[PDB]
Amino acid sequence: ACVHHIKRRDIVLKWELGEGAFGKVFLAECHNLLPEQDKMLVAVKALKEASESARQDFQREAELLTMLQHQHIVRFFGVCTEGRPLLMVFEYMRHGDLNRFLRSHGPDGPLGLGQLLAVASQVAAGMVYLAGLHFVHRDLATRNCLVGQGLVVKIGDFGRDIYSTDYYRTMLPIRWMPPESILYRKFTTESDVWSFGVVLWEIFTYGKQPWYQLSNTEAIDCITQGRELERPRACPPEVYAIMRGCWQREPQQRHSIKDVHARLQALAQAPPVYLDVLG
């Protein structure tokens, strides 16, 4: 609702974390932001376009970001609209995006079953919060989740460049989409549940691409024909049953995210005795 304004001179740019067609993402130090922290690390999203239409969409986005307040949603600290580029200030998530984190802590040391369940439960918690507000993400994927201090996982959205392999042309993240979104461009709480099922599969494959053996066109055929991603080796049968509940063809037959979260949280507190090496 009421967007916080940060003075330009309170932001000290330290490094470039990434860039897209929108502009750049920087690592920065922000002064006079949090109490007892005279200097603190932040991630700064800088918009290249300064047009009156870009400014209005930026204001809309900033207001929405101000409203979202949750333990597993990336924190937004405010804006800097002191001329071009328009800046958005977020907490800095020191371990980067979940997709890269899963691949860097994969068998290629490796995250254990308990750690994989805690990651999945935390992504589910953030989605319970979004579903409660009737907020539809539309791009739920591990590339849009972030890992901070102490394996804390939060949902975000990079809006960047390194993941254009994940979108097919308007750019659509087709491998994470249910049949009703591919065919009709219909995005709901139910399509977010399907994308969560795919997020679960990415977690338990340590960040592999869904349908990696196939081109975008072939993956659309698999999805729209009712083909299902196979059970990952690190995935216990109890977690795969949760993924399958997310992937019902009909949106009305998929489980609610609150129920998916409650099942995952119960397994994260008491992990099933499952050894990936024994299958």
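Start at 1 with the first residue shown and count on from there. Take the two forms, find the largest set of C-alpha atoms that superpose within 1.5 Å, and that set is the rigid core.
Which stretch is more displaced from the shown form in 9 other deposited structures of this protein, 142-150 or 81-89, with RMS over structures and residues of Cα positions after a rigid core fit? The more displaced stretch in 9 other deposited structures of this protein turns out to be 81-89.
Using RMS Cα distance over all structures and residues, flag whichever of 183-191 and 93-101 lies farther from this form in 9 other deposited structures of this protein after a core fit. With the rigid core superposed, the C-alphas that lie farther in 9 other deposited structures of this protein are those of 183-191.
At least a third of the other compared entries: do they leave residue 36 without coordinates? Comparison shows residue 36 dropped in at least a third of the other entries.
Quick check on residue 52: across the other compared entries (only those modelling residues on both sides), is it unmodelled in a third or more? Comparison shows residue 52 dropped in at least a third of the other entries.
Counting only residues of the deposited sequence, how many between residue 159 and residue 160 have no atoms in the entry (none, 1 to 3, 4 to 9, 10 or more)? The entry has a short gap there, with 1 to 3 residues left out between residue 159 and residue 160.
Should the segment between residue 108 and residue 109 be described as having none, 1 to 3, 4 to 9, or 10 or more unmodelled residues of the deposited sequence? In the record, 10 or more residues between residue 108 and residue 109 lack coordinates.
Greater mean Cα temperature factor according to the PDB record, 202-210 or 179-187: Between 179-187 and 202-210, it is 179-187.
Which wins on mean Cα temperature factor, 50-58 or 213-221? Comparing 50-58 with 213-221, the higher mean C-alpha B-factor belongs to 50-58.
Candidate set 40, 246, 239, 44 [ranked by C-alpha B-factor, highest]: Out of 40, 246, 239, 44, the record gives the largest C-alpha B-factor to 40.
C-alpha B-factor winner, where the candidates are 167, 76, 129, 101: Max CA B-factor in the entry, restricted to 167, 76, 129, 101: 167.
Residue 227 - Cα temperature factor, lowest/middle/highest third of chain: Highest third - that is where residue 227 ends up once the chain's C-alpha B-factors are sorted.
Can you work out whether the C-alpha temperature factor of residue 194 puts it in the lowest, middle or highest third of the chain? For residue 194, whose C-alpha B-factor we compare with every modelled residue in the chain, the answer is the middle third.
Residue 134: which third of its chain by C-alpha temperature factor? It belongs to the highest third of the chain when residues are ordered by C-alpha B-factor.
Ranked C-alpha temperature factor of residue 27 among modelled chain residues, by third: For residue 27, the deposited C-alpha B-factor lands in the lowest third.
According to the PDB entry, is the CA B factor of residue 21 in the bottom, middle or top third of its chain, that is, lowest, middle or highest? CA B-factor rank for residue 21: highest third.
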